[PDB]
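# Per-entry structural report
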Amino acid sequence: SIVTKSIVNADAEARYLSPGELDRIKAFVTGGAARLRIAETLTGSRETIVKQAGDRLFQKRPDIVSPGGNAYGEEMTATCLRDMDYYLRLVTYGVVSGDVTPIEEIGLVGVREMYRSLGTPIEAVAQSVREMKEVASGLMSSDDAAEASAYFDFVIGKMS
Amino acid sequence: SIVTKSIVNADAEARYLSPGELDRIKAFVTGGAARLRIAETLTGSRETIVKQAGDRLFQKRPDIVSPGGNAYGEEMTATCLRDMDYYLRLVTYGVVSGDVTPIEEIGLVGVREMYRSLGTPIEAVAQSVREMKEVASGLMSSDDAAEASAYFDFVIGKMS
Amino acid sequence: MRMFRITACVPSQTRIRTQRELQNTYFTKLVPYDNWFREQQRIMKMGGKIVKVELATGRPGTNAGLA
Amino acid sequence: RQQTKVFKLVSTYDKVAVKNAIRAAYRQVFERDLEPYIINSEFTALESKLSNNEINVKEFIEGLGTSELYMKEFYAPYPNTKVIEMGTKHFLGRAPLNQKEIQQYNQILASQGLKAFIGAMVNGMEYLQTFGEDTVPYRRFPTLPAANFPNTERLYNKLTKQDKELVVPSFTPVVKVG
Amino acid sequence: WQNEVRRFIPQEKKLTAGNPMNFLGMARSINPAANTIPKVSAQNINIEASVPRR
Amino acid sequence: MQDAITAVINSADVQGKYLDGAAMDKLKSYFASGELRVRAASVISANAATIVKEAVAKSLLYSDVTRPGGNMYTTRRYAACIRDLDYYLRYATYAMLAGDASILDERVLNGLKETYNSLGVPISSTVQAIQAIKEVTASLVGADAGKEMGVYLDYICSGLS
Amino acid sequence: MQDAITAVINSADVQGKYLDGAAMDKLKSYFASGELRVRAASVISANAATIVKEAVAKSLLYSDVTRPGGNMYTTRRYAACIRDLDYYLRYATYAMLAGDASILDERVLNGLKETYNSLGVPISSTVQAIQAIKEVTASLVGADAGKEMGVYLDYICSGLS
Amino acid sequence: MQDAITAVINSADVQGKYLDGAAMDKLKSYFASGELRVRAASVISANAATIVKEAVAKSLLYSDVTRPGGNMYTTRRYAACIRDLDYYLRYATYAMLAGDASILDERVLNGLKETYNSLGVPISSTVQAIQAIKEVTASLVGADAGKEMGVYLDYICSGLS
Amino acid sequence: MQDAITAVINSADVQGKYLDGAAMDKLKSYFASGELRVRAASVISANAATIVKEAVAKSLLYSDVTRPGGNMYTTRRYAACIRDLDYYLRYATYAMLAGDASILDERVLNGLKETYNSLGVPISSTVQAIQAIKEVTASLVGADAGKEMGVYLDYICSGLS
Amino acid sequence: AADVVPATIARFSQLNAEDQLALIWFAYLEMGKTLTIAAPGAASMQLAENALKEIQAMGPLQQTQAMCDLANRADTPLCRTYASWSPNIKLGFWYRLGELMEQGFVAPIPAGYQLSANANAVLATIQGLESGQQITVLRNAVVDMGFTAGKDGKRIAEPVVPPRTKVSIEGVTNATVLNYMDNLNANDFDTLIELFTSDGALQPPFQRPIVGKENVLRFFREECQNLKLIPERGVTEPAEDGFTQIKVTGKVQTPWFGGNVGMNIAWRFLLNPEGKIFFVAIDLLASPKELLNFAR
Amino acid sequence: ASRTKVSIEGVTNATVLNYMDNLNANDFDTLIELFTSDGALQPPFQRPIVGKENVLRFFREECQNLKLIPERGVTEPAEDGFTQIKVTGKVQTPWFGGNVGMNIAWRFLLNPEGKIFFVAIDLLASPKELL
Ligand SMILES: *[C@@H](C)[C@H]1/C(=C/c2[nH]c(/C=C3N=C(/C=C4\NC(=O)C(CC)=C4C)C(C)=C\3CCC(=O)O)c(CCC(=O)O)c2C)NC(=O)[C@@H]1C
Ligand SMILES: *[C@H](C)[C@H]1/C(=C/c2[nH]c(/C=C3N=C(/C=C4\NC(=O)C(CC)=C4C)C(C)=C\3CCC(=O)O)c(CCC(=O)O)c2C)NC(=O)[C@@H]1C
Ligand SMILES: *[C@H](C)[C@H]1/C(=C/c2[nH]c(/C=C3N=C(/C=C4\NC(=O)C(CC)=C4C)C(C)=C\3CCC(=O)O)c(CCC(=O)O)c2C)NC(=O)[C@@H]1C
Ligand SMILES: *[C@H](C)[C@H]1/C(=C/c2[nH]c(/C=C3N=C(/C=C4\NC(=O)C(CC)=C4C)C(C)=C\3CCC(=O)O)c(CCC(=O)O)c2C)NC(=O)[C@@H]1C
Ligand SMILES: *[C@H](C)[C@H]1/C(=C/c2[nH]c(/C=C3N=C(/C=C4\NC(=O)C(CC)=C4C)C(C)=C\3CCC(=O)O)c(CCC(=O)O)c2C)NC(=O)[C@@H]1C
Ligand SMILES: *[C@H](C)[C@H]1/C(=C/c2[nH]c(/C=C3N=C(/C=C4\NC(=O)C(CC)=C4C)C(C)=C\3CCC(=O)O)c(CCC(=O)O)c2C)NC(=O)[C@@H]1C
Ligand SMILES: *[C@H](C)[C@H]1/C(=C/c2[nH]c(/C=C3N=C(/C=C4\NC(=O)C(CC)=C4C)C(C)=C\3CCC(=O)O)c(CCC(=O)O)c2C)NC(=O)[C@@H]1C
Ligand SMILES: CC1=C(/C=C/C(C)=C/C=C/C(C)=C/C=C/C=C(C)/C=C/C=C(C)/C=C/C2=C(C)C(=O)CCC2(C)C)C(C)(C)CCC1=O
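Residues numbered from 1 in each chain as written, not as in the entry; some residues may be left out. Chains lettered and ligands numbered in written order. Part of a larger assembly, values for the part shown. Heavy atoms only, no water.

Structure determination for this PDB entry is given in the record as cryo-EM, at a resolution of 2.6 Å.

Following this line, the structure appears as C-alpha cells:
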C-alpha cells in the first residue's frame, strides 16, 4: 500500500521516511474511513456492478461473445464475469490499501502474456474495466467517484 | 540468405566458414531452381490463394468482420487482404533466401507492437497464415510442401 | 550491424573524482543500433549532452539486410 | 577487498596498459586466461577497436559477453538460473539482487536469449554507476540488499567448474501473493 | 423401513470463489446479445482502392 | 531536469539574491496550476496508448509514410515509430507536471535531431505526428490543459525542426 | 552436453579408437531416425504456443491450482508457469532432435527441484502439466514421434519428480 | 514485503473473498495505530544517530570486542557495526510503521545468519546491542511506540538467535 | 505440549511475573469451557470410529482419489488414509480437551507437510477431507463445541496447507 | 457490384446538409433492424465524452444549431473537435447522439419529418447492400463532415427550424395546479414564483424538501429546464385547516434526475386553503427499471 | 404488539407480515432474507440502495431500534410478474424526522417468487413543516 510504497522508496535511498512521506501517511490513515466506506460500497454492488458492466461491455464489443470471439457461450461469458469480479476485487484492494502496487502484485504483472496465451483481446478487457469505472461512478458520490476512478483508471492504463 | 547467416556466424567466431557452412551454401546454390519455382508459383497464384485463405479465415473467425471488429467495413477487410498479400510476399522473399531473416526483420520483429497499436487479433493472423499454408500446399507440389510448410510454420510460431 | 558513432560529454554532478576523467567525460564511442536507444536514454538520464551522433556503419532506410 | 587492482583505461596511448586492461577484462569476464580455451584469439577485432579508442571499455566488456565463447563456457552447460548467477558475477560483480532481478533476467533469457541478457546487464544504470565507461568490472563486496553479500561470497569463493549446484536458485518469499 | 440408497457419484464438491460456476447463472442472467454471421465473401473486394488510402 | 520551482530558484540564484515578489508570484501561479496539471496527467496516463493510436491513425496510417518505401514501413520501423511517439507523449506529460521545458531539452532533444538525420527519419512527418498528439490530448484533457500540453508538444517539434 | 552422435564419438574416443561396427550401427540407427525427428521438430515449432496453451487448458486451467490459494493465481505466476512450460517444450524438442537427454539434465534438472521448493512450486502439478504436454504434442506429431516425445517428457518429469 | 494494511488484503485474497467485517475492523485498528506509528517513526528518525550511539555506549564499548584483536577493533569494523546498528534501527522503524514484520525477514534477516557466521561476528553481542537499542528507543518514544519497536526488534533478534 | 492452563503458567514464567488479572480471566474462561470440552470429548470418542466413515464417504468416495491411479487406491493407501483421519480426529480432540494448539504444532503438523510431499499424497484432497470431518464432527458435537472443534481442524488444515 | 460503396458515397456527396443529416438520422432509425448494429466499444470513445457532455449540457435550440453547424461544417470549436477525430470516433459520436435522442437527453428531430426522395433512394440503396459496405458508406459520409482548414465548401446552409397547450388532469380541475404544471412545460417559473407563497416547500425526488422561496427559485432555474410533463390523472382531497392535498400522476418526456422519456411520476400538493401552494413533492415511482440508484 | 401479528388492512401475505415482525424484533439479519439479491431499498429523501449487504448496512446503521405501526394497505399486480403492495402506517419512533406523527408508506415490489425485489419507505408528511 501507500505505507509499503513509502517504505520501499525510503529503502531505495537508504534513509528514514521524509516528513512528506510521514504526513502523507498521516493524511491517509486519518482519512481511511472514507476509503474503507467506498470499498464497502463497491463490494456491496458487486453482483450488479459486474452485471451491468458486462452487459454494457457486450453491447459495446459483441465480437468477444459473437461467432469467433473468445467467450461465445454462457460458459465463457461466465468466465468473463469471473475475471470481471477478479478485477473489481483488485480495485477494492487498491482502494483500501490506497496504493496501486497490490494490483500490480495481483492482476497486472504478466497480464499481456496471460491474455495472449488465452487469445483474449486485452483492449476489450480495458473497455470492460472502463465500464466498471463508468457505472461505479454512476452509483457513488462524485468525490468518491474520483477516488475509486483513480484505481479504475490505473487498471485501464495497465490494460492498454 | 543463409550465406549472410553463415558469414555472420563465422565473423562472430573470427574464423573462415567451416565445412558444414560450405556444404550448406553448396546445397542452397545447387537447389536454387526449386526455390525460384516456388517463388514464381506463389507470385503467379498469389491473388487466388490470398483470397481463399482470407475466406477460410473468415469462416473460422467471423467476428473479425462482424460489425465492431477490426476487419469490419470493406476498407477494413481489404486491409486484411493487403496484409495477407504482404505476408505472402514476405514468405516468397524468404523462400528465395534460404533463411528466415527477411521474414524476421520486415514483418516479424516488432509485429506484436504494431498489431497491438492497430488492435488486430494476432492469433487471427496466425490462423490466416495457417490457411495460407494449406492453400499453398494444395496448389503446390508434394515434395515442395515440406519446404514451404517449414517457413509457414516458422512464421506461425513466431507471430502466434 | 548498422553501427553508430557518438561523441558525448557526460559531466560529474555528484562526485569530485580525483583521477583523470576525459576518457569517460567527453568520449567518441561506437554503439550498435539495437543498444543505441538504451545507451542514449542512459546518457540523457546521467545529465550528459549528446554532442554528436552519426550512423558510421550501415545504410539509412535499408528495408532488408540490416545484419 | 583491498588487495586488488582496478583497471581503468585512462589513455589508449600506452599500448602496454591497453593490453593489460584487455587481459584483465578477459580474466574477469571468463574467470580464466583464455589461452587453453580457444584455437586463436577471436576478440582481436575488439582489441584493435579499443586500442584505437573507437570504443570504450564498457563496449569491450559487452563484446566479451556477447561472444560465442561466453555462451560456450557459462551459458551452454548451465540452466538459466545458473547463467543468471554467473553473468551477474562476471559483469556486475555480485550475485542477483532479489527475486525481481531474477524474474527480469529470466524474462530476457526466455524472450531474447543470452545476448539481450548481457546487453541489459551491461548497459544498466548500476553498471555505469559502479564501473563507469572505462573501468573493467571487478569483484564487489556489497553490503546491501539482504543476502547479497553471502551470495556473492559463495559465488566468488569457489573456483571455476567447482560444482554444478545453484548458490542462489531463488529467494524464498516470506509472503506469497494470492 | 426407509433406506438410504447411496448413489454412485461422489458428493459434489462445494463451489468456491474462484470457480466461475457461481457466475454461470449470472451469464444466463446476462444473456449477452450475440452477432449474426457476417455475409461477406471477400472475392468481390479488389485490393487497389478497397483498402483505405488517406 | 528542472521544474517551475527549480527554474525560479536557479533564476534567482544565478544573480545570487533571494526570491523577490516576482519569483513568489510565479511560484503561486505554478501552485495554482498544479491541480489542473495533475488532473491532465491522470487523464493522459489513462489514455496514452489510445492517444498514440488515433494520433498515428489520423497522421500516419494509410499515408505515404506507412506504405512500402516509406520510413514507417515494416513492422520493425512501425514499432520504432510507435515507441517514439509513446516516449514523446510520456515526456510531454512529464514536462506538464514539471511546468518547465528543461526535461524536454536535456532528455528528449539532445541527440535526437541528428539521430533522425543519421537514420533519415522524416522530420516533417514526425512533426505532424506530434501535432496529432497535441490535438488528441487536447480533445481529452480539455482546452485549459490542452493549450499547455500543446505548448510542450510544440517545443518538442521546434527542437526537432 | 552430448547427443547420440556425440555419444558414439566420445565413446569411441575415450578408448582412443576409430568407429567400430557397434558405433557404425548405432550411427545407422540414428540416421534412420533422421527425417522423422526433424519433421517432428518442425511440427512442434509450428504451433509452439499451441501445445502449451491446450496443455494448460486441459490439466491446470480451471481448477484449485489456478484458483485463489493455488500457485497459479495472479497474472505473474500464470505467465511464470507459461514460461516454464515454454522452457520444457523447447528443451524437449532440443533433446529429441539431438536424441539424448544430456541437454535436459544439464539445463533443466540441475537444481530445478530445489528451485521450485524454494518457491514452493507444486512438483506434482508440474508433473501432470508435462503429462498433458505429452498428448498435446502426440496429437500433432504422430505416434512414434509422439512416443519419443512422451519418453523425453517422462524423463523430464522423473528428474523433476 | 507486507504491512498491516496489505496483510489483510493477502489474507482475504488467498481464499479469493472480498473484504468482510473482520478485514474492515483490522484495517480500522491499523489506522487507529497509525497516529502513534507515524509519531514514533518521526521521533526515531530525528534521533537515530544518538540512539545508536547510546546503545553502543552501554552494550559494546569498553569490552573485549572493542579491545585490540576484537571484532570491534580496526575502526573500519567499528564503522561497520555503527552502520549495521543503523540498518537494524531503520528497518525496525520500517516494520513498525508498516505494522507487519515481513520486511525484517525479507530485507534484514534474509541471509544474515551465515553472513555473521562467515564474518565471525558475535551473534549474541549483536543481539545484546539490539536489545540496548530497543531499551534506548523505548525510553525516548514512549510506552506504546516503544512496545511496537521492541516487538519488531525482538523479532529481528529471534531471527538472529 | 501445553494446555491453556500450562500455557498461561509458562507465559507468566517467561516474564517472571505472577498471575495477574489476565491470567485469572483466561484461567476462568478455560474452566468455564471445561464442561463443554469434556462433554464434547465424550460425544466424539463415542463415534470416533463411525464419524470418520461419513467424513470420508462425502469427501473421498467414488472419486478420482479412490480409483486405480489415485493415491487412495489399494488397501494400504485407503487404510492409511482412514488411519490419518483417525489420527487427526483423535489429536484434535486432544487439543480440544487441552484447549490449545500446542500439541498440533509438534505432534501432528511437525514434519507432516513434507512427509505428505515425499509420499506424494494429495495435500489438497486431505484439506477437503479434514473440512468434511469438520462438518461431520460439528453435526454431532453441537454448535459451540462444533466451533471449538472446527477451529482446531482448520488449524490442522492451515499447517497442512 | 464492386463500385456499390464508392457509387453510394458519390450519391451521398451531392445531397445537401439537410438531406445528409436526414439520411443519417433515418439510417440510425433503421439501424439494427435493417442496417448494421452498433458496437461503440470498437472505437476509442473515451476521447469523445467531452463533446458529448458539452452537447448534452447545452440547450436544445443551440443543440440543434451546433449539430447543423457540424452537418454543414461550420467554423466552431465543436466542429473542429469533431474534425480532429478518427472516422470510427465520428461514427460512434453520431450513434451516441442518436441514442441520446432516442432517450431524449438531447433535442430530437422536428416532429413528423419525412426523408426526401433523393435521401430515401440513397437510404434504400444503403439497405440493399451488405453490412460491410454499409458501414463503409456511413464512415465515408461522416468523415468529410466537420470543418477542416483547407479546400472545402457547402452550397446551401441548413438553418435551424425557428420553432404549448393547457394540460388536462383527470379528476382535478384546480386552477393553481394547472397554471403551475402548464408554465413549467412552458418554462414560466417567474409566474410560479408569484404563484406560490413564500414558504417555498418543494420535495425533489430522492431528496429532502427544499425550504425558502429563493431556494425554490434556484431549484426551478437550476434543475428544471425544458421539462416536458404529461399528467395522466389526479385526485384532490381536503387536508388539515382546509389545505388541499392533490396527488397527480403523469409522465415526463425528458431526462429528469435520471428519468426516462416514459416514467410514472407523481406530485403531492399541499396548497393553502386561502393561499396557493404550501408544499410540492415530486416522486418517481419505481418499476422493473432502476438506473438512478446510488446505493450508499 | 411486536409478538402478535401486525394488524394491517388489505395485506394478507406471509412475506410482508414476516418483514413487519422481523423489523419490530430488530433481527435485520433474519429480516433481509425476505429481500432479493438484486432487491433494493428506497430510503426517504434518498435514492435507492442496491446490493444485499448495502441493505444490511442501511438496517444496521440507520434502522436502529425503530418502531413502525402499519394501519392499512392495498395490493395489485405489476409488470414482469411483480406485485405492487402499497401499505400505509404511522411511525412511533424517531426515523429521519417527524416523531410519532409521520405516515410511512411502504411500496413493496415483490418478486413472482415472493421475495421483495424493491421496497420503498415513503415518509408521508403531515401539515407539520420544518423537516
Ligand atoms: C582525547 C585525546 C580525545 C578523545 C579520545 C577518546 N576516545 C574514546 C573512546 C574510544 N576511542 C576508540 C578508538 C579506537 N578503537 C580502535 O580500534 C582504533 C584503532 C584501530 C581506534 C582509534 C574507541 C573504539 C573508543 C570507544 C570504545 C573503547 O573505548 O574501548 C573516548 C571516550 C568516549 C566515551 O564516551 O567513553 C575518548 C575521550 N576524545 C576527545 O574528545 C579527544 C579528541
Ligand atoms: C577553475 C579554476 C576553472 C573552471 C573549471 C571547471 N572544470 C570543470 C569540470 C571538468 N574539468 C575537467 C578537466 C579535467 N579532468 C581530468 O581528468 C583532466 C586531465 C587529467 C582535466 C584537465 C573535466 C573532465 C571536467 C568535467 C568532469 C568532472 O567534473 O569531473 C568544472 C565544473 C563544470 C560543471 O559544472 O560540470 C569547472 C567549474 N571553471 C572556471 O570558471 C574556472 C576558470
Ligand atoms: C486481417 C485478417 C487482420 C487485420 C488487419 C488489418 N491491418 C490493418 C492495418 C495495417 N496493417 C499493417 C501491416 C503491415 N505493414 C507492413 O509494412 C507490414 C509488413 C510489410 C505489415 C504486416 C499496417 C502498417 C497497417 C496500418 C495501415 C497502413 O498500412 O497504412 C487494419 C486496419 C486497422 C485500423 O484501425 O484501420 C486491419 C483491419 N485486422 C484483423 O482484425 C485481422 C486479424
Ligand atoms: C514516428 C513518429 C517516426 C519514426 C520513428 C522511428 N524511430 C526509429 C528509431 C529510433 N528512434 C529513437 C528514439 C529516441 N531515442 C531517445 O533517446 C528518445 C527519447 C525518448 C527518442 C524518441 C532511437 C534511439 C532510434 C534508434 C534505435 C532503435 O530504433 O531502437 C525508427 C527506425 C529507423 C530505422 O529502422 O532505420 C523509426 C521508423 N519514423 C517515422 O517516419 C515517424 C516520423
Ligand atoms: C471477458 C469480458 C474477456 C475475456 C476473459 C476470459 N478469461 C478467461 C479465462 C481465464 N482468465 C483468467 C485470469 C486470471 N486468473 C487469476 O487468478 C488472475 C488474477 C486474480 C487473472 C487475471 C484465468 C486464469 C483464466 C483461465 C481459466 C481459469 O480461470 O481457471 C476466459 C476463458 C478462456 C477459455 O478458453 O476457457 C475468458 C473468455 N475474454 C474476452 O475475449 C473478453 C474481452
Ligand atoms: C508450471 C509448469 C507450474 C508452476 C510453476 C511456477 N514456477 C514459478 C517460478 C519460476 N519457475 C522457474 C523455472 C525454471 N528455472 C530454471 O532454471 C528452469 C530451466 C530453464 C526452469 C524451468 C523460474 C526461473 C522461476 C522464477 C523466475 C520467474 O518468475 O521467471 C512460479 C512462480 C513462483 C513465485 O511466484 O515465486 C510458478 C507458479 N505453477 C503451476 O501451477 C504449474 C504446475
Ligand atoms: C487420507 C485423508 C489421505 C491419504 C492418506 C495416506 N497416508 C499414507 C501414509 C502416511 N500417512 C502418514 C501420516 C501420519 N502418521 C502418523 O503417525 C501421524 C502423526 C499424527 C501422521 C499425520 C505417514 C507418516 C505415512 C507414511 C507411512 C504409512 O504407510 O502410513 C498413505 C499411504 C502412502 C504410501 O505410499 O503407502 C495414504 C494413502 N491418501 C489420500 O489420497 C487421502 C487424501
Ligand atoms: C458497428 C461499428 C460502429 C459503427 C456504428 C454506427 C453505424 C454508428 C452510426 C450511427 C448513426 C448512423 C447515427 C445517426 C445519427 C444522426 C443524427 C443524430 C442526426 C439527427 C438529425 C437531426 C436531429 C436533424 C433534424 C432536422 C432539423 C433539426 C432541421 O432543421 C429540419 C430537417 C432535419 C431532419 C435536418 C463503430 C464505428 C462504433 C465501431 C466499429 C463498428 O463496426
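Still more to cover.
## A look at the overall build of chain D
The condition is simple: Put simply, DSSP marks the helices as runs of H or I at least four residues long and the strands as runs of E at least two long, and each gets a number from the N terminus on. Here the globule rule reads 2.2 Å times residues to the power 0.38, and the radius of gyration is calculated from C-alpha atoms. Using a 1.4 Å probe on the protein chains alone, a residue whose accessible area is under 20% of its type maximum counts as buried, one over 50% counts as exposed, and one in between counts as partly exposed. Two residues form a contact once any of their heavy atoms are found within 4.5 Å. Computed with a 1.4 Å probe, the accessible areas rest on the Shrake-Rupley method; for each residue, only the protein chains presented here act as cover. Counted charges follow a simple rule, with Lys and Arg positive, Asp and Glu negative, and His plus the chain ends left uncounted. Charge coordinates come from a single atom per side chain, which is NZ of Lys, CZ of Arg, CG of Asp or CD of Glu.
When its secondary structure is counted, chain D shows nine helices and zero strands. Start at the N end of chain D and walk to the C end: the helices and strands fall as α-α-α-α-α-α-α-α-α. Taken over C-alpha atoms, the radius of gyration comes to 16 Å for chain D, in line with the 16 Å a tight globule of 178 residues would show. If one aligns the C-alpha atoms of chain D with their principal axes, the spans along those axes are about 60 × 35 × 30 Å. By the burial criterion, 57% of the 178 residues in chain D qualify as buried. Sequence separation of at least 24 residues holds for 67% of the intrachain contacts in chain D that already meet a minimum separation of 6. Taken as a whole, chain D presents about 7,600 Å² of accessible surface, with 52% of it coming from carbon and sulfur. One finds the centroid of the 23 positive side-chain charges in chain D at a distance of 4 Å from the centroid of its 19 negative side-chain charges.

## Thoughts on the overall build of chain A
Each helix and strand counted, chain A has eight helices and zero strands in total. Ordering the α and β elements of chain A from the N terminus gives α-α-α-α-α-α-α-α. Within chain A, the fraction of its 160 residues that count as buried is 63%. As displayed, chain A offers around 5,300 Å² of accessible surface, 51% of which is attributable to carbon and sulfur atoms. Of the charged side chains in chain A, 18 are positive and 23 negative; the average position of the first set lies 2 Å away from that of the second.

## Points about the interface of chain H and chain A
Threshold: By buried area we mean the combined loss of accessible area, with a 1.4 Å probe, across both parts when two parts are placed together. Any carboxyl oxygen of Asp or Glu that lies within 4 Å of a side-chain nitrogen of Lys or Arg is treated as forming a salt bridge with it. Counted as a polar contact is a pair of N or O atoms within 3.5 Å, where, for protein atoms, one must be capable of donating a hydrogen and the other of accepting one, and residues adjacent in sequence contribute only when both atoms are in side chains. Charged residues are taken to be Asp, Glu, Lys and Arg, nonpolar residues to be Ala, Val, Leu, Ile, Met, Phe, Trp, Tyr, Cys and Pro, and polar residues to be all remaining types, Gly included.
On the side of chain A, 31 residues touch chain H, which itself brings 33 residues to the contact. Buried surface at the junction of chain H and chain A, summed over both partners, amounts to about 2,900 Å²; 69% is from carbon and sulfur atoms. When the area that chain H buries against chain A is broken down by residue, the three leading residues are H:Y18, H:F31 and H:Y94, summing to 25%. At the junction of chain H with chain A, the criterion picks out four salt bridges. Summed over the shared surface of chain H and chain A, the number is 13 residue pairs in polar contact. Secondary structure elements with two or more residues in the side of chain H that touches chain A: α1 (4–14), α2 (21–46) and α4 (76–98) of chain H. Among the elements that line the side of chain H that touches chain A, the one with the most residues is α2(H), at 11 residues. Across the side of chain H that touches chain A, the residue classes break down as 20 nonpolar, six polar and seven charged.

## A word on the sheet that holds strand β3 (residues 49–54) of chain C
Residues and elements named next belong to chain C. Put simply, the rule reads: At least two DSSP bridges between two strands are required for those strands to pair. Axis definition: a line fitted to C-alpha atoms, limited for helices to the stretch in contact. Angles are taken between N-to-C directions and run from 0 to 180 degrees.
Strand order across the open sheet formed by three strands is β2-β1-β3, with antiparallel pairing between neighbours. Only two strands of the sheet have a single neighbouring strand rather than two, namely β2 (26–31) and β3. Along the sheet, successive strands turn relative to each other by an average axial angle of 20°, direction set aside. Of the pairings in the sheet, the one linking strand β1 (residues 4–9) to β3 comprises five bridges and is antiparallel in character. Looking at the pairing, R5 lines up with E54 of β3.

## As for the site of ligand 2
Residue and element names in this part refer to chain C. Rule in force here: The criterion for a residue being near a molecule or strand is simple. One of its heavy atoms has to lie within 4 Å of it.
Surrounding ligand 2, one finds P11, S12, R17, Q19, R20, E21, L22 and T25. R17 places a polar side-chain atom, nitrogen or oxygen, 2.8 Å from an oxygen atom of ligand 2. A distance of 2.6 Å separates an oxygen atom of ligand 2 from a polar atom in the backbone of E21. For ligand 2, the protein covers 29% of the area, taking 890 Å² as the surface of the free molecule. Looking at the shell around ligand 2, its residues break down into two nonpolar, three polar and three charged.

## Side note on the pairing of strand β5 (residues 102–110) of chain K
Burial analysis of β5(K) places eight of its nine residues in the buried class, which makes it a mostly covered element. As consecutive antiparallel partners, β5(K) and strand β6 (residues 116–124) of chain K are separated by five residues, and within that stretch K:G114 has a phi angle of approximately 140°, a positive value.

## Some remarks on the sheet that holds strand β3 (residues 229–238) of chain J
All names here are of chain J. Spatially, six strands are ordered β2-β1-β6-β5-β4-β3 in an open sheet, and the strand pairing comes out mixed. Every interior strand has two partners, whereas the edge strands, β2 (210–211) and β3, have only one. Examined bridge by bridge, strand β1 (residues 201–203) and β2 share two bridges and lie antiparallel to one another. Paired with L202 across the bridge in β2 is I210. The strands that helix α9 (residues 175–185) touches are β3, β4 (244–252), β5 (264–271) and β6 (279–284); relative to β5, the one it contacts most, it runs at about 135°. Across the face of the sheet, helix α11 (residues 213–222) comes into contact with β1 and β2 while running at roughly 40° to β1.

## A look at the nonpolar core
To keep it simple, the criterion reads: The nonpolar core is taken to be a set of buried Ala, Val, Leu, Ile, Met, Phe, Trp, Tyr and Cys residues, with the residues joined through side-chain atoms within 4.5 Å.
Grouped together as the largest cluster of nonpolar side chains are 162 residues, with contacts concentrated most on A:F152, H:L19 and H:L97. Top element by residues in this core is helix α4 (residues 74–97) of chain A. It accounts for 11 residues. Once residues lying within four places of it in the same chain are set aside, the contact partners of H:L97 are A:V3, A:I7, A:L17, A:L22, A:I25, H:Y30, H:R37, H:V38 and H:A41. The next biggest cluster of nonpolar side chains, apart from the first, holds 129 residues, and it includes B:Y72, B:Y115, F:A95 and J:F12.

## What to know about the pattern of salt bridges
Evaluated as defined, the whole model comprises 74 salt bridges over all chains. Its salt-bridge partner being D:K8, residue C:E21 comes within 3.1 Å of it at the nearest N-O pair. Taken together, the residues C:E21 in the loop between β1 and α1 (22–25) and D:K8 in the segment before α1 (15–30) connect one chain to another. Put simply, C:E39 and C:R42 hold a salt bridge, and the shortest N to O gap is 2.7 Å. Note that C:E39 and C:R42 are positioned in helix α2 (residues 33–45) at a spacing of three residues, about one turn of the helix. You'll find C:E39 and C:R42 in the same group, each marked buried. It is possible to trace a salt-bridge network through shared partners that takes in C:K29, C:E39, C:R42, D:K58, D:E59 and D:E133.

## Notes on the interface of chain D and chain H
Contacts between the two partners involve 13 residues from chain D and, on the opposite side, 18 residues from chain H. When chain D packs against chain H, close to 1,200 Å² is buried across both sides, 64% of that on carbon and sulfur atoms. Counting across the chain D and chain H interface gives zero salt bridges. Taken together, chain D and chain H are joined by one residue pair in polar contact. Considered class by class, the residues forming the side of chain D that touches chain H number eight nonpolar, three polar and two charged.

## Topic: the site of ligand 5
Surveying the vicinity of ligand 5 reveals 24 residues, the closest of which are A:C80, A:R82, A:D83, A:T120 and G:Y62. Flanking ligand 5 are residues from chains A and G. Between ligand 5 and the protein, one listed contact pairs a nitrogen atom with a side-chain N or O atom of A:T120 at 3.0 Å. In this structure, an oxygen atom belonging to ligand 5 sits 2.6 Å away from a side-chain N or O atom of G:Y62. Counting only elements with at least two residues in the shell around ligand 5, the list comes to α4 and α7 (122–138) of chain A together with α4 (74–98) of chain G.

## Examining the environment of K:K115
Residues and elements named next belong to chain K. By the element assignment, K115 lies in the loop between β5 and β6. Judged by its relative accessible area of 23%, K115 is partly exposed. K115 sits 78 residues away from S37 along the chain, and the two C-alpha atoms are 9.1 Å apart. In this structure, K115 is in contact with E33, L34, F35, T36, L109 and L110, ignoring residues within four places of it in sequence.

## A few points about the pairing of β5(J)
All names here are of chain J. Within β5, seven of the eight residues are buried, leaving the element largely enclosed by the surrounding structure. For β4 and β5, the ladder comprises eight bridges, and the chain directions are antiparallel. Following the sheet pairing, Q245 is matched in β5 by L270. By the bridge criterion, six bridges tie β5 to β6 in an arrangement that is antiparallel. Note on β6: the bridge partner recorded for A266 is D283.

## Points about the side chain of D:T152
You can see D:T152 is positioned in helix α9 (residues 148–156). Those residues in contact with D:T152 that lie beyond four places of it in its chain are D:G93, D:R94, D:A95, D:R140 and D:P142.

## Details of the packing of aromatic side chains
Definition in use: The rule is short: rings of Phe, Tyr and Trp, with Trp giving its six-membered ring, pair when the centres are within 6.5 Å, and they are stacked under 30 degrees, edge-to-face over 60, tilted in between.
Summed over all chains, the structure comprises 47 aromatic pairs over all chains. Pairing D:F30 with D:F43 gives two aromatic rings, centres 5.7 Å apart and planes at 45°, and the pair type is tilted. Of this pair, D:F30 sits in helix α1 while D:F43 sits in the loop between α1 and α2 (44–51); the two residues are 13 residues apart in sequence, bridging distant segments of the chain. On the basis of relative accessibility, which here comes to 3%, the residue D:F43 falls in the buried class. For the pair J:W85 and J:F93, a centre-to-centre distance of 6.1 Å together with 65° between the ring planes defines the contact as edge-to-face.

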